[PDB]
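> Below: one structure in structure tokens.
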Amino acid sequence: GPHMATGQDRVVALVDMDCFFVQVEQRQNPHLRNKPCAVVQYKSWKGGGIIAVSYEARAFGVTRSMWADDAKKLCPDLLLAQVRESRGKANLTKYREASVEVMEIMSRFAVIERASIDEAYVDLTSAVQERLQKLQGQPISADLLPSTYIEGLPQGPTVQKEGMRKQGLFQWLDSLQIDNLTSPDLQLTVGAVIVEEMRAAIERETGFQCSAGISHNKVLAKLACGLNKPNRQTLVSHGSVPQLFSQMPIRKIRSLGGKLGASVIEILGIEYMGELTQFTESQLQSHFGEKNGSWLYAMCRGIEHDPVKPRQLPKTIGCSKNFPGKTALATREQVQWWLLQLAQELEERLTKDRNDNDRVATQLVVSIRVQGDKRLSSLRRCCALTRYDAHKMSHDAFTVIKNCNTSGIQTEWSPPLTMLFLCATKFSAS
DNA sequence: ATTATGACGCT
DNA sequence: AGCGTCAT
Ligand SMILES: Nc1nc2c(ncn2[C@H]2C[C@H](O)[C@@H](COP(=O)(O)NP(=O)(O)OP(=O)(O)O)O2)c(=O)[nH]1
Ligand SMILES: [Mn+2]
Ligand SMILES: [Mn+2]
């Protein structure tokens, strides 16, 4: 009872940009704004592959992973923006730079953990304590939470979406105990006030809209963020978890959408996250390993301890290109030329990183996939990265992979290469 | 012929 | 170190 810690000692937020690459292109080209729009890579095969979709286009069924030609079948008026091509490959620099814009704004409010190109976690515990001190026991006005949903509310004792949002927020605020500076629900609420401010700053200073989740840990904050996209934020309280999880398919939790989640479902004969509560920690560890079992035991109760890492910058800088079907690389000249193209993009990104961030990569990882291998990487080899020189980097990558070529002929490459991947790692302060 | 990444955990 | 998983 009293000693049963409830995982309520942090306030954590997840901010995720809405249809990010689309918004970057819509900012640049006003003709794309408020339109069914998608961003594609390449064009020749099937119109190119969609990687981002505006909410207007989603209404027609357009999704990521879909070929543009098929998306145009669903949405004949769909507008498309193509990712830049440089050195024969997709070049995502514009979106990385836009990401830095957003990350730098978020860092004004708190130390952030860059989780992807378009989203970051925020540990707001300390900022919340500060704002609570300033509030001096003053209640929180609904006016300070103009885009916030309270998950699970309204409940009990109404036709529009905004009305339901406000009804739930009123029910939440009316139940708050604002004289207790240690109440977790009050802390989450102040966290949501701060996140409104953060999202307002992002939109004012970049033009980009985002959604956010506020809860007591990273998993719940991420889940919360997705509940009311776009352009809204959602508060998931500890108390909302039993009802939320009682009908939550296990695969919606970050980390359980793959083989492990399928094994939870099949071994235990359950469907929803809430059903996990009936098992002991030891039973879950027996099926899924010590670490996974402890994580599942706490997570189905709303408890997760993974810290918000103080990391605004990516840990690696990588360049990759697939060569599908008849485009697979079958000669040594081809392999060398594309290793050089990848290495030249890598050199440019690494040099900019060194200038911006006062660090140097020290390890080069070379990954290839070979024809007939379904795995992502057929082979990974590391070597030293001692100079930011594309020619050296590509020569070294060739040296570490050249023993893969089973061809007796010096010129041919067999079996052909369907992917090249260069990734700079193990950064050191310079 | 989804593609381009990037984060990890395992052994 | 190299491989596998998850993510999108
Ligand atoms: N190159 C590449 N980029 C991708 C891929 N998947 C996503 N991206 C890029 C394009 C995405 O814009 C960006 C962020 O990914 P999300 O947050 O998962 N999706 P979004 O922000 O679009 O919509 P929502 O409002 O639902 O969050 O990452 C991919 O497979 N490949
Ligand atoms: Mn997003
Ligand atoms: Mn995202």
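Just so we're on the same page: first chain in the structure tokens is A, next is B, and so on; residues restart at 1 for each chain, and ligands are numbered from 1 in the order they show up.
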Counting only C-alpha atoms and all ligand atoms, what are the residues of chain A within 7 Å of ligand 3, and for each of them which pair of atoms is the nearest and at what distance in Å, to one decimal? Sort the table by chain and rising number, as a Markdown table.

```
| residue | atom | partner | partner_atom_place_in_ligand_line | distance |
| --- | --- | --- | --- | --- |
| A:16 | CA | ligand 3 | 1 (Mn) | 5.2 |
| A:17 | CA | ligand 3 | 1 (Mn) | 6.4 |
| A:116 | CA | ligand 3 | 1 (Mn) | 6.1 |
| A:117 | CA | ligand 3 | 1 (Mn) | 6.9 |
| A:118 | CA | ligand 3 | 1 (Mn) | 4.8 |
| A:119 | CA | ligand 3 | 1 (Mn) | 4.9 |
```
> Since we have the selection now, will you write its residues out, keeping N, CA and C atoms, as a PDB file, in the first residue's frame?

```
ATOM      1  N   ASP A  16       6.214  15.844 -30.670  1.00  0.00           N
ATOM      2  CA  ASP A  16       6.425  15.236 -31.996  1.00  0.00           C
ATOM      3  C   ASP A  16       5.832  16.134 -33.077  1.00  0.00           C
ATOM      4  N   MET A  17       6.656  16.471 -34.057  1.00  0.00           N
ATOM      5  CA  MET A  17       6.183  17.394 -35.111  1.00  0.00           C
ATOM      6  C   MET A  17       5.103  16.710 -35.961  1.00  0.00           C
ATOM      7  N   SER A 116      14.262  11.368 -32.358  1.00  0.00           N
ATOM      8  CA  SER A 116      14.266  11.153 -33.797  1.00  0.00           C
ATOM      9  C   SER A 116      14.457  12.510 -34.443  1.00  0.00           C
ATOM     10  N   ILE A 117      14.445  12.535 -35.777  1.00  0.00           N
ATOM     11  CA  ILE A 117      14.497  13.806 -36.483  1.00  0.00           C
ATOM     12  C   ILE A 117      13.358  14.740 -36.108  1.00  0.00           C
ATOM     13  N   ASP A 118      12.229  14.216 -35.631  1.00  0.00           N
ATOM     14  CA  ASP A 118      11.141  15.166 -35.402  1.00  0.00           C
ATOM     15  C   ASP A 118      10.536  15.068 -34.012  1.00  0.00           C
ATOM     16  N   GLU A 119      11.221  14.448 -33.056  1.00  0.00           N
ATOM     17  CA  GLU A 119      10.603  14.406 -31.745  1.00  0.00           C
ATOM     18  C   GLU A 119      11.664  14.305 -30.673  1.00  0.00           C
TER      19      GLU A 119
END
```
> Could you write out as a compact mmCIF listing (two decimals) with N, CA and C atoms (P, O5', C5', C4', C3', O3' and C1' of nucleotides), in the first residue's frame the residues of chain B within 10 Å of chain A, counting only C-alpha atoms (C1' of nucleotides)?

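As written to disk, selection-v6.txt reads:
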```
# COMPACT_ATOMS: atom_id res chain seq x y z
P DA B 1 13.64 -6.39 -54.82
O5' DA B 1 13.35 -4.85 -54.53
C5' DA B 1 12.71 -4.42 -53.32
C4' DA B 1 11.66 -3.38 -53.62
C3' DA B 1 10.37 -3.94 -54.22
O3' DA B 1 9.25 -3.15 -53.82
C1' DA B 1 11.27 -2.38 -55.69
P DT B 2 8.32 -3.64 -52.63
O5' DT B 2 9.27 -3.49 -51.36
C5' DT B 2 9.11 -2.41 -50.44
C4' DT B 2 9.55 -1.10 -51.05
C3' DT B 2 11.02 -0.75 -50.81
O3' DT B 2 11.64 -0.11 -51.94
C1' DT B 2 9.57 0.75 -49.58
P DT B 3 13.23 0.09 -51.96
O5' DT B 3 13.44 1.40 -51.08
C5' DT B 3 13.02 2.69 -51.53
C4' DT B 3 13.69 3.74 -50.69
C3' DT B 3 15.14 3.42 -50.31
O3' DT B 3 15.80 4.67 -50.44
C1' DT B 3 13.89 3.78 -48.36
P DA B 4 17.33 4.82 -50.12
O5' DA B 4 17.33 5.63 -48.76
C5' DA B 4 16.73 6.92 -48.68
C4' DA B 4 16.95 7.50 -47.30
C3' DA B 4 18.38 7.36 -46.77
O3' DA B 4 18.72 8.54 -46.05
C1' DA B 4 16.89 6.28 -45.31
P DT B 5 20.23 8.88 -45.67
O5' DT B 5 20.52 7.79 -44.51
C5' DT B 5 20.78 8.23 -43.16
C4' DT B 5 19.58 7.97 -42.29
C3' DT B 5 19.90 7.94 -40.79
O3' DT B 5 19.81 9.28 -40.30
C1' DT B 5 18.16 6.38 -41.46
P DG B 6 21.03 9.77 -39.36
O5' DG B 6 20.70 8.91 -38.01
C5' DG B 6 19.46 9.17 -37.31
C4' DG B 6 19.20 8.07 -36.30
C3' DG B 6 20.39 7.65 -35.44
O3' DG B 6 20.26 8.31 -34.18
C1' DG B 6 18.93 5.83 -36.02
P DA B 7 21.23 7.92 -32.96
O5' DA B 7 20.38 6.86 -32.06
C5' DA B 7 19.27 7.28 -31.25
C4' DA B 7 18.51 6.02 -30.91
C3' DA B 7 19.20 5.10 -29.90
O3' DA B 7 18.86 5.27 -28.52
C1' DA B 7 18.21 3.88 -31.76
```
> Using only C-alpha atoms (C1' of nucleotides), which of the listed residues (A:190, A:379, A:273, A:68) sits closest to chain C?
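Answer, going by the shortest atom-to-atom distance: A:379.
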> Would you list, as a PyMOL selection string, the residues of stretch 191-243 of chain A that end up in alpha helix (DSSP H) under DSSP run on this structure's backbone?
chain A and resi 191-206+218-227+241-243
> Could you work out which residues of chain C fall inside 8 Å of chain A? Count only C-alpha atoms (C1' of nucleotides), and format the result as a ChimeraX atom specification.
/C:2,5-6
> Suppose we keep N, CA, C and O atoms (P, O5', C5', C4', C3', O3' and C1' of nucleotides); can you now write the selection as a PDB file, in the first residue's frame?

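Result went into again.pdb, see below:
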```pdb
ATOM      1  P    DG C   2      33.979  -6.343 -36.720  1.00  0.00           P
ATOM      2  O5'  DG C   2      32.540  -7.017 -36.693  1.00  0.00           O
ATOM      3  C5'  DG C   2      32.443  -8.404 -36.847  1.00  0.00           C
ATOM      4  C4'  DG C   2      31.069  -8.860 -36.481  1.00  0.00           C
ATOM      5  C3'  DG C   2      29.981  -8.456 -37.475  1.00  0.00           C
ATOM      6  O3'  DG C   2      29.365  -9.627 -37.900  1.00  0.00           O
ATOM      7  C1'  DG C   2      29.315  -8.036 -35.233  1.00  0.00           C
ATOM      8  P    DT C   5      15.828 -10.914 -34.892  1.00  0.00           P
ATOM      9  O5'  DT C   5      15.320  -9.585 -34.181  1.00  0.00           O
ATOM     10  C5'  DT C   5      15.683  -9.300 -32.826  1.00  0.00           C
ATOM     11  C4'  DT C   5      15.045  -8.019 -32.336  1.00  0.00           C
ATOM     12  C3'  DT C   5      13.698  -7.641 -32.957  1.00  0.00           C
ATOM     13  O3'  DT C   5      12.865  -7.233 -31.876  1.00  0.00           O
ATOM     14  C1'  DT C   5      15.193  -5.828 -33.137  1.00  0.00           C
ATOM     15  P    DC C   6      11.304  -7.021 -32.085  1.00  0.00           P
ATOM     16  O5'  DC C   6      11.168  -5.451 -32.269  1.00  0.00           O
ATOM     17  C5'  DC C   6      11.386  -4.573 -31.161  1.00  0.00           C
ATOM     18  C4'  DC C   6      11.443  -3.142 -31.634  1.00  0.00           C
ATOM     19  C3'  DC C   6      10.254  -2.706 -32.492  1.00  0.00           C
ATOM     20  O3'  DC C   6       9.439  -1.824 -31.712  1.00  0.00           O
ATOM     21  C1'  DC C   6      12.351  -1.868 -33.310  1.00  0.00           C
TER      22       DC C   6
END
```
> Give me, as a list in words, the residues of stretch 116-267 of chain A that a backbone DSSP run labels strand (DSSP E).
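In stretch 116-267 of chain A, DSSP puts these residues in strand (DSSP E): residues 116, 119, 120, 121, 122, 123, 148, 149, 150, 210, 211, 212, 213, 214, 215, 233, 234 and 235 of chain A.
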> Take the residues that were just selected and, keeping N, CA and C atoms, output them as a PDB file, in the first residue's frame.

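Below is the file that was written, selection.pdb:
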```pdb
ATOM      1  N   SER A 116      14.262  11.368 -32.358  1.00  0.00           N
ATOM      2  CA  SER A 116      14.266  11.153 -33.797  1.00  0.00           C
ATOM      3  C   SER A 116      14.457  12.510 -34.443  1.00  0.00           C
ATOM      4  N   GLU A 119      11.221  14.448 -33.056  1.00  0.00           N
ATOM      5  CA  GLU A 119      10.603  14.406 -31.745  1.00  0.00           C
ATOM      6  C   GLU A 119      11.664  14.305 -30.673  1.00  0.00           C
ATOM      7  N   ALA A 120      11.290  14.855 -29.523  1.00  0.00           N
ATOM      8  CA  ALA A 120      12.166  14.938 -28.370  1.00  0.00           C
ATOM      9  C   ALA A 120      11.366  14.720 -27.089  1.00  0.00           C
ATOM     10  N   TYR A 121      12.003  14.052 -26.135  1.00  0.00           N
ATOM     11  CA  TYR A 121      11.513  14.002 -24.761  1.00  0.00           C
ATOM     12  C   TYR A 121      12.076  15.138 -23.923  1.00  0.00           C
ATOM     13  N   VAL A 122      11.272  15.555 -22.943  1.00  0.00           N
ATOM     14  CA  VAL A 122      11.551  16.671 -22.055  1.00  0.00           C
ATOM     15  C   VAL A 122      11.304  16.170 -20.639  1.00  0.00           C
ATOM     16  N   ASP A 123      12.273  16.328 -19.732  1.00  0.00           N
ATOM     17  CA  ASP A 123      11.999  16.087 -18.315  1.00  0.00           C
ATOM     18  C   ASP A 123      11.662  17.414 -17.654  1.00  0.00           C
ATOM     19  N   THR A 148      -5.165  21.314 -24.857  1.00  0.00           N
ATOM     20  CA  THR A 148      -4.879  20.123 -24.054  1.00  0.00           C
ATOM     21  C   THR A 148      -6.120  19.250 -23.922  1.00  0.00           C
ATOM     22  N   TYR A 149      -5.945  17.943 -24.152  1.00  0.00           N
ATOM     23  CA  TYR A 149      -6.940  16.913 -23.865  1.00  0.00           C
ATOM     24  C   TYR A 149      -6.534  16.205 -22.589  1.00  0.00           C
ATOM     25  N   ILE A 150      -7.508  15.867 -21.748  1.00  0.00           N
ATOM     26  CA  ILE A 150      -7.256  15.031 -20.573  1.00  0.00           C
ATOM     27  C   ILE A 150      -7.794  13.642 -20.886  1.00  0.00           C
ATOM     28  N   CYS A 210       3.010  21.051 -33.851  1.00  0.00           N
ATOM     29  CA  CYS A 210       3.385  19.780 -33.263  1.00  0.00           C
ATOM     30  C   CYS A 210       2.315  19.329 -32.294  1.00  0.00           C
ATOM     31  N   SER A 211       2.398  18.057 -31.941  1.00  0.00           N
ATOM     32  CA  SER A 211       1.557  17.526 -30.886  1.00  0.00           C
ATOM     33  C   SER A 211       2.452  17.128 -29.730  1.00  0.00           C
ATOM     34  N   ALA A 212       1.844  16.859 -28.579  1.00  0.00           N
ATOM     35  CA  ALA A 212       2.676  16.465 -27.455  1.00  0.00           C
ATOM     36  C   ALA A 212       1.908  15.563 -26.512  1.00  0.00           C
ATOM     37  N   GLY A 213       2.651  14.771 -25.759  1.00  0.00           N
ATOM     38  CA  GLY A 213       2.089  13.996 -24.655  1.00  0.00           C
ATOM     39  C   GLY A 213       2.742  14.416 -23.356  1.00  0.00           C
ATOM     40  N   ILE A 214       1.950  14.461 -22.282  1.00  0.00           N
ATOM     41  CA  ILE A 214       2.485  14.757 -20.950  1.00  0.00           C
ATOM     42  C   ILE A 214       2.063  13.630 -20.023  1.00  0.00           C
ATOM     43  N   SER A 215       3.032  12.978 -19.385  1.00  0.00           N
ATOM     44  CA  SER A 215       2.716  11.936 -18.396  1.00  0.00           C
ATOM     45  C   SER A 215       3.893  11.800 -17.432  1.00  0.00           C
ATOM     46  N   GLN A 233      -2.257  18.585 -27.583  1.00  0.00           N
ATOM     47  CA  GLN A 233      -1.470  17.844 -26.610  1.00  0.00           C
ATOM     48  C   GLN A 233      -2.395  17.117 -25.650  1.00  0.00           C
ATOM     49  N   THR A 234      -1.903  16.007 -25.106  1.00  0.00           N
ATOM     50  CA  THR A 234      -2.735  15.121 -24.300  1.00  0.00           C
ATOM     51  C   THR A 234      -2.021  14.791 -23.004  1.00  0.00           C
ATOM     52  N   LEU A 235      -2.751  14.903 -21.900  1.00  0.00           N
ATOM     53  CA  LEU A 235      -2.257  14.570 -20.579  1.00  0.00           C
ATOM     54  C   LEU A 235      -2.786  13.186 -20.207  1.00  0.00           C
TER      55      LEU A 235
END
```
> Skip residue A:390 itself and residues of its chain fewer than 5 positions away, then list as a list in words all residues within 7 Å of it, counting only C-alpha atoms (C1' of nucleotides).
residues 340, 343, 344 and 347 of chain A
> Which distance in Å separates atom CA of residue A:38 and atom CA of residue A:80, to one decimal?
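One can read the atom CA of residue A:38 to atom CA of residue A:80 distance as 5.1 Å.
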> Counting only C-alpha atoms and all ligand atoms, figure out which residue out of A:134, A:369, A:3, A:232 gets nearest to ligand 1.
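That would be A:232, the residue with the smallest distance to ligand 1.
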> Between atom CA of residue A:54 and atom 17 (O, counted along the ligand's line) of ligand 1, what distance in Å does the model show, to one decimal?
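The value is 11.6 Å.
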> Can you pull out the residues contacting residue B:11? Cut-off 12 Å, using only C-alpha atoms (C1' of nucleotides), and skip same-chain residues under 6 positions away; I want them as a list in words.
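Residues meeting the cut-off are residues 1, 2, 3 and 4 of chain C.
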> Selected residues, N, CA and C atoms (P, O5', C5', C4', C3', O3' and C1' of nucleotides), written as a compact mmCIF listing (two decimals), in the first residue's frame, please.

```
# COMPACT_ATOMS: atom_id res chain seq x y z
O5' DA C 1 34.68 -3.43 -32.14
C5' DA C 1 35.71 -4.34 -32.50
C4' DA C 1 35.13 -5.65 -33.03
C3' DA C 1 34.18 -5.52 -34.22
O3' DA C 1 34.50 -6.50 -35.20
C1' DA C 1 33.05 -6.50 -32.32
P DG C 2 33.98 -6.34 -36.72
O5' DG C 2 32.54 -7.02 -36.69
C5' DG C 2 32.44 -8.40 -36.85
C4' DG C 2 31.07 -8.86 -36.48
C3' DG C 2 29.98 -8.46 -37.47
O3' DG C 2 29.36 -9.63 -37.90
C1' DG C 2 29.31 -8.04 -35.23
P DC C 3 28.22 -9.63 -39.02
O5' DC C 3 26.90 -9.85 -38.16
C5' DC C 3 26.80 -10.97 -37.32
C4' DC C 3 25.54 -10.89 -36.49
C3' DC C 3 24.27 -10.58 -37.29
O3' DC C 3 23.33 -11.63 -37.13
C1' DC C 3 24.43 -9.22 -35.34
P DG C 4 21.93 -11.58 -37.90
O5' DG C 4 20.91 -11.03 -36.79
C5' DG C 4 20.85 -11.63 -35.52
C4' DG C 4 19.81 -10.96 -34.64
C3' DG C 4 18.48 -10.64 -35.33
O3' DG C 4 17.39 -10.98 -34.46
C1' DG C 4 19.39 -8.67 -34.39
```
> Provide the atom CA of residue A:229 to atom CA of residue A:145 distance in Å, to one decimal place.
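Interatomic distance, atom CA of residue A:229 to atom CA of residue A:145: 15.8 Å.
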> Which residue out of A:289, A:226, A:310, A:61 has the minimum interatomic distance to ligand 1 when only C-alpha atoms and all ligand atoms are used?
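Between A:289, A:226, A:310, A:61, the residue approaching ligand 1 most closely is A:226.
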> Rank nothing, just name the residue among A:21, A:388, A:208, A:398 nearest to ligand 1, using only C-alpha atoms and all ligand atoms.
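Ranking A:21, A:388, A:208, A:398 by distance to ligand 1, first place goes to A:21.
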